[PDB]
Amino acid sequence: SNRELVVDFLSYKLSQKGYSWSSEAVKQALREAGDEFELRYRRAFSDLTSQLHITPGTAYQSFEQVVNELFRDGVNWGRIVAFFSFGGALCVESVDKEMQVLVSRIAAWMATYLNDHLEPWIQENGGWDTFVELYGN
């Protein structure tokens, strides 16, 4: 379910680049918000991308550093969307550098963070149905 959302979002962003991974309302609303975040914040996106030096020995560190930064002042739906776009960017970028092996690992790190750290805020703020209600269509 957190798993499901992650795989869905990551599969989508990978597919938009021509790569193959290899609640529908929640899933669509999340993809759509990701597309829109990535355009509105395309400068922040490219600042990030051009400063990730991905290696497998630093990838977790890079993920954690950015995710800690992202939620440092609190959690809101927009930041949750940005969290998924970041993981998408990380995956796309790993494939570019021929570190395809990291994709499955990035998905695991993402689900764990959701499960451990984002879940209490999500449940307290109406769950994903409330996300859909506020930012769907």
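In this text, the rigid core denotes the largest set of C-alpha atoms whose superposition between the two forms falls within 1.5 Å. Residue numbers here begin at 1 and follow the sequence given.
A.B. asks: Superpose by the rigid core and compare 98-106 with 73-81; which one moves more, by C-alpha RMS, in 6 other deposited structures of this protein?
C.D. replies: Between the two stretches, 98-106 moves farther in 6 other deposited structures of this protein.
A.B. asks: When the other structures are laid on this one by the rigid core, do the CA atoms of 82-90 or of 35-43 sit farther away in 6 other deposited structures of this protein?
C.D. replies: More C-alpha displacement in 6 other deposited structures of this protein shows up in 35-43.
A.B. asks: Please say, as none, 1 to 3, 4 to 9, or 10 or more, how many residues of the deposited sequence are without coordinates in the interval between residue 22 and residue 23.
C.D. replies: The entry has 10 or more unmodelled residues between residue 22 and residue 23.
A.B. asks: Using only C-alpha atoms and the B-factors in the entry, which stretch averages higher, 74-82 or 96-104?
C.D. replies: So the stretch with the higher mean C-alpha B-factor is 96-104.
A.B. asks: If you rank every modelled residue in this chain by C-alpha B factor, which third holds residue 54: lowest, middle or highest?
C.D. replies: Residue 54: CA B-factor falls in the highest third of its chain.
A.B. asks: Taking only the Cα B-factors deposited for this chain, tell me whether residue 112 sits in the lowest, middle or highest third.
C.D. replies: It falls in the bottom third of the chain.
A.B. asks: Considering only modelled residues of the same chain, in which third does the CA B-factor of residue 119 rank: lowest, middle or highest?
C.D. replies: Lowest third of the chain for residue 119's C-alpha B-factor.
A.B. asks: Within this chain, which third does the Cα B-factor at residue 46 fall in: lowest, middle or highest?
C.D. replies: It belongs to the middle third of the chain when residues are ordered by C-alpha B-factor.
A.B. asks: Consider only the C-alpha atoms of the modelled residues in this chain, order them by B-factor as the entry records it, and name the third containing residue 28: lowest, middle or highest.
C.D. replies: It belongs to the highest third of the chain when residues are ordered by C-alpha B-factor.
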